[PDB]
């Protein structure tokens, strides 16, 4: 129906888990869902619908960066009637308050993008998640025994930053890590009256240069997948 999704209307459940990497979306479908069906594959951006503990859930890839994420989120809401969007992904830590394998709930997404100024009268849009979803993540993490870290992230247009000298200042202002999509998800969900939240897993520390190995990346990401699926039950 859209240039970027070839699902039929109704193929998506009203709650959708989002991730930048469509191969990880496929991995979640195979490992954690029952009866999962591939519903879209335009540009190799895979999405699925299946069941977790008897509950229907959808999964959709969104690519990297605010511009890509905004395209998919816009279409999910406007065309596919998605109401609740839970994004997961990795991030690079910049604060001493977090370490490798930590899960962060982004109560705000700062950015170096111009997109929110374009959307919002050239002023400062404070891009934020839906509070009910934030409460649900916090409650579910308490239930599962997960030490959820809570603060802002910085959504950058740059993976290869030209402003590494500014990381300490961002950490001072309660930015725990850097990723590339949260501000676009939040602003699009705000634009279109939908509920959204971003969780992210610390795979790399940008201050120490320490990184997880491939094997511990998969293990730690699984912990955040389970948090997300449990919160959608």
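Positions refer to the first chain, counted from 1. Take the two forms, superpose them, and find the largest set of C-alpha atoms that agree within 1.5 Å; that set is the rigid core.
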Inset, instruction - Would you say which of 202-210 and 168-176 moves more relative to the shown form in 8 other deposited structures of this protein, going by RMS C-alpha distance with the core superposed? - result: 202-210
Inset, instruction - Figure out for me whether 220-228 or 7-15 is the more displaced stretch in 8 other deposited structures of this protein, taking RMS C-alpha distance from the shown form once the rigid core is superposed. - result: 220-228
Inset, instruction - Identify the stretch, either 194-202 or 31-39, whose C-alpha atoms have the larger mean B-factor according to the entry. - result: 31-39
Inset, instruction - Select between 92-100 and 132-140 the stretch whose C-alpha atoms have the higher average B-factor in the entry. - result: 92-100
Inset, instruction - Select one of 70, 174, 58, 208: the residue whose C-alpha shows the highest B-factor in the crystal structure entry. - result: 208
Inset, instruction - Could you tell me which one of 120, 80, 159, 162 shows the highest CA temperature factor in the PDB record? - result: 80
Inset, instruction - Select lowest, middle or highest to describe the third in which the CA B-factor of residue 150 falls within its chain in this entry. - result: middle
Inset, instruction - Could you tell me which third, lowest, middle or highest, the C-alpha B-factor of residue 184 occupies within its chain? - result: middle
Legend entry - Position of residue 54 among the chain's modelled residues by C-alpha B-factor, lowest, middle or highest third: highest
